[PDB]
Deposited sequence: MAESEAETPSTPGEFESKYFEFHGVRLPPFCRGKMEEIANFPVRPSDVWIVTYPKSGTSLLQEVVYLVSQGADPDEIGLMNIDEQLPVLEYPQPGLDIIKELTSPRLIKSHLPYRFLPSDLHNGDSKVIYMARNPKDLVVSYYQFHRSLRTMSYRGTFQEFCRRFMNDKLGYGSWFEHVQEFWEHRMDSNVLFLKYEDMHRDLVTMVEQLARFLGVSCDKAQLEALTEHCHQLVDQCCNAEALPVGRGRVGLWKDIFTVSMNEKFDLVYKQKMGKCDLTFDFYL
């Protein structure tokens, strides 16, 4: 696990090696009330939802807190309002966020598309999927990462979003974000801002009215074999447990 430093094992969670020696500094990271924290499972292919949030907050570019670059020292001195990305589980986030400070948006995605995206990000797909099912990837069990943010979705500084809802209902979503983030609009400004989010999304879309590539919903169906999928579903039901979280696996 930590053999040859491949991973850094922290309180039962396998983290990338670059997380070693800074979990105390992140726990203590001073959060500003005007910060916007975007959390995603790694390589989950939600960039487009990220662009929409960025666009909303104003009615390679975004730093990751725990990454080698730009580093925590640069992130401390960034001018407000800061847009800060992380892949850490809720529990490993700055302790200020656990007390209700600032605003954390978690972007979930159904786990079948997410494994394809992760695998296609730039190894058989099948070993990768197996490593995913056996909780072997950096940042830990996906089932744990998602269920912890779902459990906190009613918290006042937490908005749990699902990637697929951005395609089924962008309108609800954009306003949900506007209100969460205290971006105050009259009617017309909300209609306009929504139409900008729409145009920005639609510009990646094809005849499915869905993005082409890793951000496509139902992508997994073209990749998973029948047995792979039967093995997945079985793991998924077993690891999800009593959790009442559901996804759209296609649109």
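If you line the structure up with the deposited chain, the stretches without a C-alpha atom are 1-12, 72-83, 147-155.
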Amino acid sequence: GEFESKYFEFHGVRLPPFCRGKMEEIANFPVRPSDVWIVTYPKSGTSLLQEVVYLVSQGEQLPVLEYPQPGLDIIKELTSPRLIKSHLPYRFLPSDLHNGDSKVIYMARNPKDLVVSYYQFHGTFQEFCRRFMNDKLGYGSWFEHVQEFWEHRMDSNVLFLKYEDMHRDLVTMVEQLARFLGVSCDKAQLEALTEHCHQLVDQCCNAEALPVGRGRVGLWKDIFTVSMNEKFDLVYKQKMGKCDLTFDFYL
From here on, numbers count along this sequence of modelled residues.
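For the two regions 234-242 and 17-25, the entry's Cα B-factors average higher over 234-242.
Two stretches are in play, 197-205 and 214-222, and the higher mean C-alpha B-factor belongs to 197-205. By the numbers in the PDB entry, the CA B factor is greatest at 171 among 97, 88, 171, 107. When the C-alpha B-factors of 117, 102, 79, 141 are read from the PDB record, the largest value belongs to 79. The PDB entry assigns residue 165 a C-alpha temperature factor belonging to the middle third of its chain's modelled residues. In the deposited entry, the Cα temperature factor of residue 135 places it in the highest third of its chain's modelled residues. Sort the modelled residues of the chain by CA B factor and residue 145 lands in the lowest third.
The PDB entry assigns residue 84 a C-alpha temperature factor belonging to the lowest third of its chain's modelled residues. When the modelled residues of the chain are ordered by their C-alpha B factor, residue 44 lands in the lowest third.
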